Structure formats: C-alpha cells, structure tokens
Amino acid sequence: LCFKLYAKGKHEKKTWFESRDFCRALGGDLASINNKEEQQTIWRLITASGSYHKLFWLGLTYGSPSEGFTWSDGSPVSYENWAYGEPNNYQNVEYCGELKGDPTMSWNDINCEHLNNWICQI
C-alpha cells in the first residue's frame, strides 16, 4: 500500500473518526504500521515534507477490553512501537493511537476526539 501524509492547516485537523472517514472515502484506510520498513517509508515522507515533530493519526483504535488495541484495516498488531510508558490510557479516555513524527516514530494513545494530522494508506 501507498502512504500519504495529511498535515493541512491547524484548523483543518481532524478527529480519529473524521480521519478514518477521509481515508476510507478514498477507498483506503488510516495507515497501519506493521514493520520497520513501513515505519521508514513514513519517516522518509515526513523528512521530504519538512514537517518534523508533528503528530498524526494512525489506524490504531481500541477493540474489546480483552483485545486491547487493533488496526482499523484489520491487520495484526504484531509490531508495536509505543513510546515509553504508553499506552497509558491517561484519565481513562484514550482509545485511539497517534504517531509522533520524529525519528523515533513512537506511538501514543490519545482521546479519539483530539484534532490531529493523519496518514492514509491506499
């Protein structure tokens, strides 16, 4: 699949569900990162755009209490790159996952209504 970053104006940021709908309207989904190669591809897109340290929705969303986090495209959550201490479900309201667009490419759980940039896969 091909990845595309969306870092529009800050008043153009979207919730997790709005971002999922945007990507699904293109016939795709929010990006799943299933291995280090995909991670590098996205990191290089970040460097090419020159937009460093920005946060982006990924396809991470909580499933049942038993499952924990899942990918919206149904891919397995085998590879994980959570930031240290994450997921921390801060204040019990963090059920979606974002990417921190710096070299570490780490993941964080955050409230799904938070406004973020996003990354689609097509």
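One rule holds for the numbers: they count along the sequence shown, beginning at 1. Just so we're on the same page, rigid core means the largest C-alpha set that superposes within 1.5 Å between forms.
Taking 11-19 and 94-102 in turn, the stretch whose Cα atoms are more displaced from the shown form in 9 other deposited structures of this protein following rigid core superposition is 94-102. Across the superposed structures in 9 other deposited structures of this protein, aligned by the core, the stretch whose Cα atoms lie more distant on average is 2-10, chosen from 112-120 and 2-10. Of the two segments, 66-74 and 93-101, the one listed with the higher mean B-factor is 66-74 (C-alpha atoms only). Of the two segments examined, 48-56 and 25-33, it is 48-56 that shows the higher average Cα temperature factor in the deposited entry. The deposited CA B-factor of residue 79 belongs to the highest third of values across its chain. In this PDB entry, the Cα temperature factor of residue 122 sits in the top third of its chain's modelled residues, the highest group.
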